[PDB]
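Protein chains in written order, with our numbering: chain A, 1 to 147; chain B, 1001 to 1075; chain C, 2001 to 2378; chain D, 3001 to 3108; chain E, 4001 to 4241; chain F, 5001 to 5048; chain G, 6001 to 6067; chain H, 7001 to 7105; chain I, 8001 to 8051; chain J, 9001 to 9060. From the three backbone atoms N, C-alpha and C, an ideal C-beta is built for every residue, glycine too.
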Amino acid sequence: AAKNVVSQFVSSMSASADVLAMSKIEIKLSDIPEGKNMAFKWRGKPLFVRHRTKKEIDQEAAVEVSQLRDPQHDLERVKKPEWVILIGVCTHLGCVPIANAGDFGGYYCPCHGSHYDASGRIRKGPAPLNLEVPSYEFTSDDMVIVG
Amino acid sequence: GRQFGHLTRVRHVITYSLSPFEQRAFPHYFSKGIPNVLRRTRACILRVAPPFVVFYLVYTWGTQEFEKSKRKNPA
Amino acid sequence: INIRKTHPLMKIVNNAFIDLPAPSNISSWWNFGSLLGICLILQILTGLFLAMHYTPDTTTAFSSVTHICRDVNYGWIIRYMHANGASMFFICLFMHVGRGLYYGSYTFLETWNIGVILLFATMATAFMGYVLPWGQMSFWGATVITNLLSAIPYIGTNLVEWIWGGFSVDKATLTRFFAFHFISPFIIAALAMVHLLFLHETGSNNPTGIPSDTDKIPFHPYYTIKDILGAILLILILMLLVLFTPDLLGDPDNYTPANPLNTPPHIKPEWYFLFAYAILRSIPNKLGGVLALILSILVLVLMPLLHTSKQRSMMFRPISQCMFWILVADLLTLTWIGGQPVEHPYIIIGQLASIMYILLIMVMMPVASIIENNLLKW
Amino acid sequence: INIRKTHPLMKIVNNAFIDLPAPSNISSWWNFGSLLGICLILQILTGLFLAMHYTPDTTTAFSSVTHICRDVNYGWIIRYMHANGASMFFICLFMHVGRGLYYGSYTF
Amino acid sequence: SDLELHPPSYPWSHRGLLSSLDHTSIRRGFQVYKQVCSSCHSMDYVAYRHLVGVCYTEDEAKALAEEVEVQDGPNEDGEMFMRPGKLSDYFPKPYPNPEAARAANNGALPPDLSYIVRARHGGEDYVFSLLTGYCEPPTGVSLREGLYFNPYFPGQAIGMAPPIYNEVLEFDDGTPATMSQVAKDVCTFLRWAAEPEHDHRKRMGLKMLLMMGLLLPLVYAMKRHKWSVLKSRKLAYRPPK
Amino acid sequence: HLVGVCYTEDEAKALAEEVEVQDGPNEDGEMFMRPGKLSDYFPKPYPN
Amino acid sequence: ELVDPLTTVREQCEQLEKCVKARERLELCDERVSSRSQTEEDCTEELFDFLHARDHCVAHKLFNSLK
Amino acid sequence: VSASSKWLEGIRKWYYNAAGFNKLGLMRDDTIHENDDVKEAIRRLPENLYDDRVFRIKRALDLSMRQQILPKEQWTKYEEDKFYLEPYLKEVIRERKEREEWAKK
Amino acid sequence: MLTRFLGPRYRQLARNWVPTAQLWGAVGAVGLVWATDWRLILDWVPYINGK
Amino acid sequence: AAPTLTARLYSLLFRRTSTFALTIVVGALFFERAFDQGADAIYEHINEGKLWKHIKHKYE
Ligand code: HEM
Ligand code: HEM
Ligand code: HEM
Ligand code: HEM
Ligand code: HEM
Ligand code: FES
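Structure (structure tokens):
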């Protein structure tokens, strides 16, 4: 009796049918043609999905780990070479990076001059740490679940 | 527990009392305050100071340390 | 007979404040106590009246805040004011800790551990209670302590969910903590009467340090009127910083509306909450940081366990006193340490400050105790 | 000695519930009292947990209510329920009044 | 630009422990609203019914509202067409969308000023030192030109003309115009949004100064008044033999 | 809600997607249409 | 040509000695880096400093001036 | 309370000129923090003694409140202090060492 | 001061309490189990297997 | 005098407890409005920065 009672009371703090749903609710199609950087509205922030090109991968793989402002070898962010998933908010003062812009084949912060390589990685401007990577699993080939 | 009357044992002592309105509020007020005041304070000073010394030395010091450390140089 | 003697509820009363026999030698170390409760009362009082208007609603946050501020006449005053007053409560809080310390009052355990409950209790009880404003400082900072909710192996994720309500801090929290504040003060109160009766039991210590039965009077008039005094001193304090420069202690990041995307440069705790976050960021590991945290007061519990000397008053123990005000130096030291953002000198600085905390208390203070003992020769 | 006798907070306790000497003739008139407090406790308890989710905001009124109800699993149960429980507290309340009355307990 | 001008202390007319201001610059602040400031600005928590007693008169405030288009609520009408607006009508700030800002200038969130002084950081000089410190980049730097040149500022580059210097020329009562009384009226109508009792409450503080000085002594006295006898006590240790 | 009730993950899914979301704005305030999600509620009638 | 310690006293005020020294180090670096090509330094430190004095005296005058 | 012990017990003599005790004219033994052993220890104290330590203690409280001290002359004679309890006390140290002893047994 | 309770006497005391000590310990542990039903241990539970 | 202040104003005032109190509030009036007034004067001489504005506002 006490076990259910107590465990009902405790559950009422853990999550919500409401908050739950929306939390991990995210899927993607395979329309993102190598090149374009789509963009989704997930968890009240920008969810960037970039299908990438051998050229892209190739170059991003060959950045030096030792010299990065936020040292973090490309190959450890993406779970699949071909795909890069990010959160679309500038880690500086919070504007939104511009898809494939700026001096680095990545994104561009039109606020203080904040340059991002294709991975997420900060390569010019005050921006501190590189754009952050959400948790997500690739389901069947055509499906991707963010969160 | 306490209160009184089980309190404690006092033998062969004595007291003296006076009504409040009798006295003056501030006999030798300024006078008595005195290196009496400095007797407590001044008495303690040496014991007191050194850490605070280190402090001013510090916030001053490191204040310089990092402060200068914020300066940019050539080449 | 004398109803003062007679009336049962009074029988408590006289036994509590009134008929209360108390050490005559008693020292100003006192005042803070009633202050705090007065504070506490006012705390509640204001909070209550504050509550009376204030709404703690998600859209209403800065919104009602304006309604509670920009609208609110003396919501200006009461709000920002007794808000500061909180910090004052912290002031006498850390103070009071000192009171026991140079007192060495640690003799009475249930009291000590009691006020320890008072300690962490006060801490978060504030923090949650505090954060309620949900202001940009408290906001990205809400992402901070919100990120504190995750510490554990295997748990925090699910935990900082459950704590956080879920995937992040949310309106979920808003309600959550909001209430949590609403509750905890009461907890403080009953805790109070608790520790109180505990006190009345043993009676308690004396700045002199000798057995008090030699000399006692009731608080009335003596400690009573004295208390009235220190109260006026308070209204001077609170009604001062309030009355004159309300914003003086503030950090502008508060009036900054929460901007979910913001995450600005600062991220600091209150002059109240101050010395912690330094201590926090000090170490490079999770439970190092925390176990340290709870290990500061907990450390103080050990200090009662670490109590050593054959004499209560450090008054007679000067080298001890050196460790005392010295330890304080380590303390407000730790403040100004936190007083800088992450910096080259600071790194080492606090890095040593911890050792002090561990030495200047756990070692150098106890080691000191042993030493003074050796010197004692009596 | 016996800590039951000894421990001061306990000294209250035993003096309160435990060591408490009490009329043996005692009658079922009792029960309600602890009930109420249990009620009260639960009252608080639930309210608290209730508070935990519930918001009392103007736009949120029925809104959060749904979030506190239509959303809220066992917010169904806890909500509507211990809501009723309030009324139960009233039940033993008026009852209890009766208790004193036919008791005539008004002596105190 | 990461190197903080410690903003000099403009002897702000209110910069005294108690000290005061002028307004209709704030009207020209409203005309800075209407033109300079709140073209791109929000005071947004600003509510006109406040300033009612402040500057204009019952009529002058009244028309002052009615002079503005309310964009009234709907009459059957959702939509909601325009009205003249009331005193109850607030201080109706600019273009609605956050992306309306993001576009307005390129990006450039044009934040609300309501607390800005009490909100952002620094004092009147943040207007004076910093804002009036719009100035050319010295060297070694180029914006996208999106940032204009405002050397005193976080990035030294963006955003503002001196419509003083290039005059949108208004002093209704007449004078040459300067930044303060609308800047510190954006501090006042920030404090007049925060500490209008910075006057009123100021008053009370005065009495406080006396009360303690009176009571504090009277209190202390009373204390001594009590404790005095205990002070002087004579208790004899005269052990028999 | 009704997700688990009647239709299936897909059947509920399309069941939503079968409806026009009238999506939020993308830069767009206004806020044009989408197919809607399970997260999308049961979008009732004429507003005023 | 409105009275502008900004402009007006910036002549009078910024004639200051120490100000002139900072001008010395100032244009000094100005040409210094200026000579250089393909270099990152804008040498803002000076500009900052000179500004700092300009204010230091400035509000110590301008307001007292300004009306 | 003399120079080694006016430095060291001159934490109790010169530095209880600083830490107060003996310049306050305190009783060395009296300084022991009250403990149970201390407690019944005193319970066994000598009588004329008891009076003595009493007057000492009270007086201490007296100037304490007065926040004054006796004439530095009146400040206690250095060395030259009977260890009052220490025979009695230390005896008890053996006692609780004895209760403690067969206790260990 | 462990020597206080360190002696063949109190040693023997421990020797007594030991098996009981095991008992109450088990009480606590299993309590954590059923209370929690924490997956970590829960796995090994056959026919207490809930799926 | 002052002896009848201390005394008679004990006697004919501070003596009777009530009388002491009625005296107290009896002051509470005079003090209240007075300090109100002179206080207002303090703030008055302080500035003249507004509400004197009406005449300058030309007090329509
Ligand atoms: C149960 C009585 C209390 C109630 C009803 C209460 C309620 C509130 C409410 C509604 C706020 C938000 C409004 C505002 O910030 O002005 C608040 C702020 C706060 N109060 Fe309390 N609280 C109470 C007791 C306390 C206690 C015990 C403390 C600890 C000294 C405390 C310290 C704070 C702090 C730190 C804040 C936020 C800082 C600020 O004023 O901006 N209050 N309280
Ligand atoms: C909720 C905040 C607290 C309140 C309201 C409170 C209330 C009081 C009061 C009224 C006294 C009466 C005598 C005196 O002040 O010296 C007292 C003494 C004491 N308190 Fe607290 N206290 C609080 C926090 C603490 C803390 C944080 C500690 C230490 C962890 C503490 C441990 C003591 C001790 C040991 C005494 C005995 C003092 C002596 O006789 O020298 N209490 N307290
Ligand atoms: C807050 C709701 C109340 C609580 C929690 C409460 C609690 C209690 C408790 C625990 C007892 C112990 C013995 C017993 O139940 O018979 C008691 C007895 C009593 N209560 Fe209450 N009570 C409450 C409301 C009342 C009311 C409404 C009255 C009448 C106006 C009342 C008058 C009495 C009396 C006279 C007794 C003595 C009963 C007897 O010995 O026969 N109480 N109550
Ligand atoms: C301090 C603990 C309590 C808290 C925090 C609390 C808070 C609340 C809140 C937030 C609601 C609105 C949400 C809802 O209706 O489900 C509510 C409803 C109510 N509670 Fe309480 N309350 C508390 C103690 C009580 C007590 C003592 C009673 C009296 C038995 C009581 C009887 C009610 C009633 C009658 C309602 C409204 C009816 C309903 O449930 O729909 N609660 N309470
Ligand atoms: C007298 C009228 C104005 C005043 C008092 C004013 C004052 C301010 C202040 C105090 C800030 C924030 C400074 C800081 O972040 O530390 C600010 C930011 C800004 N205001 Fe104004 N301003 C005014 C008119 C304008 C106008 C006309 C524009 C359009 C060019 C404008 C667009 C901005 C922008 C874009 C920012 C953001 C700066 C950035 O973060 O990059 N404001 N203003
Ligand atoms: S918001 Fe990205 S560089 Fe400023």
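Would you kindly work out how many angstroms separate the C-alpha atoms of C2322 (chain C) and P2345 (chain C), rounded to a whole number? Here residue 2322 (chain C) is taken as the residue at index 322 of the third sequence, counted from 1. Here residue 2345 (chain C) is taken as the residue at index 345 of the third sequence, counted from 1. Their backbone Cα atoms lie some 26 Å apart in a straight line.
Drop a sphere of 10 angstroms on the beta-carbon of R2004 (chain C), count the other beta-carbons inside from all chains shown, and report buried for 16 or more, exposed for fewer. Indexing the third sequence from 1 puts residue 2004 (chain C) at position 4. Under this definition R2004 (chain C) is an exposed residue.
Can you list the alpha helix (DSSP H) stretches of 4 or more residues lying completely in the segment 2301-2362 of chain C, in chain order? 2318-2338 and 2344-2356
Among residues of its own chain, excluding the 5 on either side of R2099 (chain C), which ones have a beta-carbon nearer than 8 Å to its beta-carbon? Locating residue 2099 (chain C) in the third sequence gives position 99, counting from the first residue. Once the five neighbours on either side are set aside, the close Cβ partners of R2099 (chain C) are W2029, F2032 and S2105.
Closer than 7 Å to a non-hydrogen atom of ligand 1 - does that hold for the CB of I2044 (chain C)? Walking along the third sequence from the start, residue 2044 (chain C) turns up at place 44. At least one heavy atom of ligand 1 is nearer than 7 Å to the Cβ of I2044 (chain C), so yes.
Top-ranked residue by Cα proximity to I3018 (chain D), from D:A3061, D:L3093 and D:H3007: Sequence index remark: in the fourth sequence, residue 3018 (chain D) carries index 18 (1-based). When only C-alpha atoms are compared, the closest one is D:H3007.
Any beta carbon of chain C sitting closer than 8 Å to that of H3007 (chain D)? Along the fourth sequence, read from residue 1 onward, the residue named residue 3007 (chain D) stands at position 7. It does not: the Cβ of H3007 (chain D) has no partner Cβ on chain C nearer than 8 Å.
If we count the other Cβ atoms within 10 Å of its Cβ and call it buried at 16 or more, is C5006 (chain F) buried or exposed? Start at 1 with the first residue of the sixth sequence, and residue 5006 (chain F) comes out as number 6. Burial call: exposed.
Among C:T2202, C:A2061, C:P2021 and C:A2022, which residue has its Cα nearest to the Cα of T2256 (chain C)? Position 256 of the third sequence holds residue 2256 (chain C). With distances taken between Cα atoms, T2256 (chain C) lies closest to C:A2061.
Considering only the alpha carbon of each residue, which of E:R4191, E:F4189, E:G4122 and E:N4150 lies closest to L6051 (chain G)? The residue you call residue 6051 (chain G) lines up with position 51 of the seventh sequence. Looking only at E:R4191, E:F4189, E:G4122 and E:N4150, the smallest Cα-Cα distance to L6051 (chain G) is reached by E:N4150.
To be precise: take each residue of the segment 4090-4118 of chain E, compare its Cβ to all Cβ atoms of chain F, and keep it if any distance is under 9 Å. Which residues remain? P4096, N4097, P4098, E4099, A4100, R4102 and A4103
I need the boundaries of the alpha helix (DSSP H) containing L86 (chain A), first residue and last residue. In the first sequence, counting from the first residue as 1, residue 86 (chain A) sits at position 86. No alpha helix (DSSP H) holds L86 (chain A); the beta strand (DSSP E) holding it covers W83 to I87.
Does the beta-carbon distance from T2308 (chain C) to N2373 (chain C) come in below 8 Å? Within the third sequence, the letter at position 308 stands for residue 2308 (chain C). Within the third sequence, the letter at position 373 stands for residue 2373 (chain C). Their beta carbons are under 8 Å apart, which means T2308 (chain C) touches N2373 (chain C) by this criterion.
Just to confirm, are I2361 (chain C) and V2299 (chain C) a CB contact at a threshold of 8 Å? In the third sequence, counting from the first residue as 1, residue 2361 (chain C) sits at position 361. In the third sequence, counting from the first residue as 1, residue 2299 (chain C) sits at position 299. Against a cut-off of 8 Å, the Cβ pair of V2299 (chain C) and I2361 (chain C) comes out as a contact.
How about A3086 (chain D): is its Cβ closer than 7 Å to a heavy atom in ligand 4? On the fourth sequence, residue 3086 (chain D) is found 86 positions in, with the first residue counted as 1. Correct: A3086 (chain D) has its Cβ closer than 7 Å to ligand 4.
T2335 (chain C) and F2275 (chain C) look like a contact to me (Cβ under 8 Å); what is the Cβ gap, rounded to whole Å? Reading the third sequence from its first residue, position 335 is the one you call residue 2335 (chain C). Reading the third sequence from its first residue, position 275 is the one you call residue 2275 (chain C). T2335 (chain C) to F2275 (chain C), Cβ: 5 Å. Contact.
Using only alpha-carbon positions, find the residue among F:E5018, F:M5033 and F:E5017 that is nearest to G5024 (chain F). On the sixth sequence, residue 5024 (chain F) is found 24 positions in, with the first residue counted as 1. It is F:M5033.
How is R50 (chain A) classed by DSSP in three states: helix, strand or coil? Taking the first sequence and counting its residues from 1, one reaches residue 50 (chain A) at position 50. Strand at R50 (chain A).
Closer than 7 Å at the beta carbon, the chain J residues around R4203 (chain E): Looking up residue 4203 (chain E) in the fifth sequence gives position 203. The contacting residues are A9039 and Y9043.
Can you list, in chain order, the stretches of the alpha helix (DSSP H) that have 4 or more residues and sit fully within the segment 4125-4209 of chain E? 4180-4183 and 4185-4191
May I ask whether a heavy atom of ligand 6 can be found less than 7 Å away from the beta carbon of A127 (chain A)? By one-based count along the first sequence, residue 127 (chain A) stands at place 127. Yes, ligand 6 has a heavy atom inside 7 Å of this Cβ.
Go ahead and pull the three-state DSSP assignment for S4001 (chain E). Position 1 of the fifth sequence holds residue 4001 (chain E). The answer is coil: DSSP assigns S4001 (chain E) none of H, G, I, E or B.
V4127 (chain E) classed as buried or exposed, judged by whether at least 16 other C-beta atoms fall within 10 angstroms: Working through the fifth sequence from its first residue, we reach residue 4127 (chain E) at position 127. Under this definition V4127 (chain E) is a buried residue.
Would you say the beta carbon of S4001 (chain E) comes nearer than 7 Å to a heavy atom of ligand 6? Numbered from its first residue, the fifth sequence carries residue 4001 (chain E) at position 1. The answer is no for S4001 (chain E).
Quick check on this structure: which residue in C:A2124, C:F2127 and C:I2114 has the alpha carbon closest to the alpha carbon of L2191 (chain C)? Sequence index remark: in the third sequence, residue 2191 (chain C) carries index 191 (1-based). The candidate whose alpha carbon is nearest that of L2191 (chain C) is C:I2114.
Whole angstroms are fine: how far does the CA of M2239 (chain C) sit from the CA of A2258 (chain C)? Within the third sequence, residue 2258 (chain C) is the residue found at index 258, counting from 1. Within the third sequence, residue 2239 (chain C) is the residue found at index 239, counting from 1. Cα to Cα, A2258 (chain C) sits roughly 29 Å from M2239 (chain C).
Please confirm whether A5016 (chain F) and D5040 (chain F) have their CB atoms less than 8 Å apart. Position 16 of the sixth sequence, counted from the start, is the residue given in the question as residue 5016 (chain F). Position 40 of the sixth sequence, counted from the start, is the residue given in the question as residue 5040 (chain F). Yes, Cβ-Cβ distance for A5016 (chain F) and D5040 (chain F) is below 8 Å.
Interface residues of chain E facing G5029 (chain F) [CB-CB closer than 9 Å]: By 1-based counting over the sixth sequence, the position of residue 5029 (chain F) is 29. Going along chain E in sequence order, the residues near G5029 (chain F) (Cβ under 9 Å) are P4096, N4097, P4098, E4099 and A4100.
Please return the same chain residues whose Cβ sits closer than 8 Å to the Cβ of residue 4256 (chain E), not counting the five positions on each side in sequence. There is simply no residue 4256 (chain E) to check, as chain E begins at 4001 and stops at 4241 in what is shown.
So who's on the other strand from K2216 (chain C), going by DSSP bridges? Here residue 2216 (chain C) refers to the residue found at position 216 of the third sequence. As computed with DSSP, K2216 (chain C) is found in a beta bridge with C:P2023.
Short check: CB of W4227 (chain E) to CB of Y2130 (chain C), under 8 Å? Taking the fifth sequence and counting its residues from 1, the one referred to as residue 4227 (chain E) is at position 227. Taking the third sequence and counting its residues from 1, the one referred to as residue 2130 (chain C) is at position 130. No, Cβ-Cβ distance for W4227 (chain E) and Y2130 (chain C) is not below 8 Å.
Are the CB atoms of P2056 (chain C) and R1002 (chain B) within a distance shorter than 8 Å? Position 2 of the second sequence, counted from the start, is the residue given in the question as residue 1002 (chain B). Position 56 of the third sequence, counted from the start, is the residue given in the question as residue 2056 (chain C). No, these two residues do not count as a Cβ contact at 8 Å.
Against chain A, which members of the segment 4154-4173 of chain E pass a CB distance test of less than 8 Å? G4155
Where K2226 (chain C) falls, given that 16 or more other Cβ within 10 Å makes a residue buried: As a position in the third sequence, residue 2226 (chain C) is number 226, starting the count at 1. Around the beta carbon of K2226 (chain C), 16 or more other beta carbons sit within 10 angstroms, so the residue counts as buried.
Three-state secondary structure (DSSP) of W9052 (chain J): Start at 1 with the first residue of the tenth sequence, and residue 9052 (chain J) comes out as number 52. Coil at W9052 (chain J), not helix or strand.
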